[PDB]
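# Close look at the chain arrangement
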Amino acid sequence: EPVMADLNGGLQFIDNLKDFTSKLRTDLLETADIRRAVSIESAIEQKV
Amino acid sequence: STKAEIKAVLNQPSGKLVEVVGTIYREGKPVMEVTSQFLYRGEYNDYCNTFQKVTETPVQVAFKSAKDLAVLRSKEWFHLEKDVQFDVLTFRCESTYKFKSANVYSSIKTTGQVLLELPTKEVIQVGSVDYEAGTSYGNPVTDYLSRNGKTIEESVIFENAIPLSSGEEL
């Protein structure tokens, strides 16, 4: 037999994987900078 | 008639500056302001009895990313009193400083109004500024607006100034 071995670990059961992994990468980048830019401004406001 | 208020009594290295702004009234309505400025020359160490009242420059901060709304809600001196989305904000602000040494401050009170221009050209206030601190070295509210926004500049200067009249006439 020709053998297909689908070692994809369940990722074909995710609808719109492009748009799903886009929002998870955006939300971890949009959480990282709001926690950055606040802690940048709160650092300089204590310098003032 | 005339009512006058005193703005700034500050000890300089060249003396003790006194600015008095006297607003002249007429039939209830104000007419013109007289901004006079004096100086007691000498050296004066009376930092207990000095103060300064300044009306700050209106700074227009332009919000373009999404982290920018998160920043000023962390600023405890900002307090928006409405659930209104906003693109750009002008902060028309006034300050009241009190000194403790030559360039340290004994207290700062910074209040002010924040403003939103609607697309229908109506101006509605979004919130307020309430900052108050003791023993500081600068004003945070103005230093935040110094870097994160442009001033609403009305004195627009020409590239090359033109002389009005020339000769000895004057």
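Read on for a plain summary of the structure.

Residue and element names in this part refer to chain B. Structurally, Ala 133 can be placed in strand β9 (residues 123–136). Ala 133 sits 28 residues away from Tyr 105 along the chain, and the two C-alpha atoms are 9.3 Å apart. Not counting residues up to four positions away in its chain, the partners in contact with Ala 133 are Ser 106, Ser 107 and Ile 108.

For the rest of this paragraph, the subject is the pattern of salt bridges. Considering all chains together, one arrives at one salt bridge over all chains under this definition. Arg147(B) is the salt-bridge partner of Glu41(A), the closest N and O atoms lying 2.6 Å from each other. Here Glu41(A), found in helix α1 (residues 17–47), pairs with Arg147(B), found in helix α2 (residues 140–147), and the two come from separate chains. Residue classification places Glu41(A) among the buried positions, given a relative accessible area of 11%.

All names here are of chain B. Assignment of secondary structure puts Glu 56 in the loop between β4 (51–55) and β5 (59–62). Buried and unpaired, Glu 56 has no salt bridge, with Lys 7 as the nearest side chain of opposite charge at 11 Å. Within the structure, the side chain of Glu 56 is placed 3.1 Å from the side chain of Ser 95, a separation counted as a polar contact. A polar atom in the side chain of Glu 56 sits 3.4 Å from the side chain of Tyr 97. Apart from the residues lying within four places of it in its own chain, the contact partners of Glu 56 are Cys 93, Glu 94, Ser 95, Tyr 97 and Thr 142.

Opposite the 16 residues of chain B that make contact, chain A presents nine residues. Both sides together, the interface formed by chain B and chain A hides about 970 Å², and carbon and sulfur atoms give 60% of it. Interface area lost by chain B to chain A is led by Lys67(B), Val71(B) and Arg147(B), which between them contribute 42%. Summed over the shared surface of chain B and chain A, the result is one salt bridge. Connecting chain B to chain A are two residue pairs in polar contact. Secondary-structure elements contributing two or more residues to the side of chain B that touches chain A are α1 (68–72) and α2 of chain B. Tallying contributions element by element places α2(B) first for the side of chain B that touches chain A, with four residues. In terms of residue class, the side of chain B that touches chain A is made up of seven nonpolar, four polar and five charged.

This part is about the packing of aromatic side chains. Residue and element names in this part refer to chain B. The full count for this structure, using the stated rule, is six aromatic pairs over all chains. With a centroid separation of 6.0 Å and an interplanar angle of 50°, the aromatic rings of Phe 63 and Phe 86 are classed as tilted. Within this pair, whereas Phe 63 is found in the loop between β5 and α1, its partner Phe 86 is found in the loop between β6 (78–80) and β7 (88–99), the two being separated by 23 residues in sequence. Considered together, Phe 63 and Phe 86 belong to a single accessibility category, that of buried residues. An aromatic cluster is defined as three or more aromatic residues linked by ring pairs; in this entry it consists of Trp 77, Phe 78, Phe 91 and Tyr 144.

A grouping of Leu11(A), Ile14(A), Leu17(A), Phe20(A) and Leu24(A) is seen on the molecular surface, where their side chains present a nonpolar patch of about 380 Å² in accessible area. Position of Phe20(A) relative to the elements: it lies in helix α1.

Another aspect to go through is the environment of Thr55(B). Examined against the element boundaries, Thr55(B) turns out to sit in strand β4. Excluding residues that lie within four positions of it along the chain, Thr55(B) makes contacts with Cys93(B) and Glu94(B).

Of all hydrophobic cores here, the largest spans 27 residues; its most connected members are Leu72(B), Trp77(B), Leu89(B) and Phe91(B). Counting only elements with at least two residues in this core, the list comes to α1 of chain A together with β1 (2–12), β5, α1, β7, β8 (105–117), β9 and α2 of chain B.

Conventions we followed
Residues numbered from 1 in each chain as written, not as in the entry; some residues may be left out. Chains lettered and ligands numbered in written order. Part of a larger assembly, values for the part shown. Heavy atoms only, no water. Helix = DSSP H or I, 4+ residues; strand = E, 2+ residues; numbered from the N terminus. Contact = heavy atoms within 4.5 Å. Salt bridge = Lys/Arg side-chain N within 4 Å of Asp/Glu carboxyl O. Buried < 20%, exposed > 50% of the residue type's maximum accessible area, 1.4 Å probe, protein only. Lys, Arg positive; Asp, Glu negative; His and termini not counted. Polar contact = N/O pair within 3.5 Å; in protein donor to acceptor, adjacent residues only side chain to side chain. Buried area = accessible area lost by both parts, 1.4 Å probe. Nonpolar A, V, L, I, M, F, W, Y, C, P; charged D, E, K, R; others polar. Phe/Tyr/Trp six-rings, centres within 6.5 Å; stacked < 30°, edge-to-face > 60°. Patch = residues over 30% accessible without salt bridge, like charges linked within 9 Å, V, L, I, M, F, W, Y side chains within 5 Å. Areas by Shrake-Rupley, 256 points an atom, 1.4 Å probe, with all protein chains shown as cover. Core = buried A, V, L, I, M, F, W, Y, C linked by side-chain atoms within 4.5 Å.

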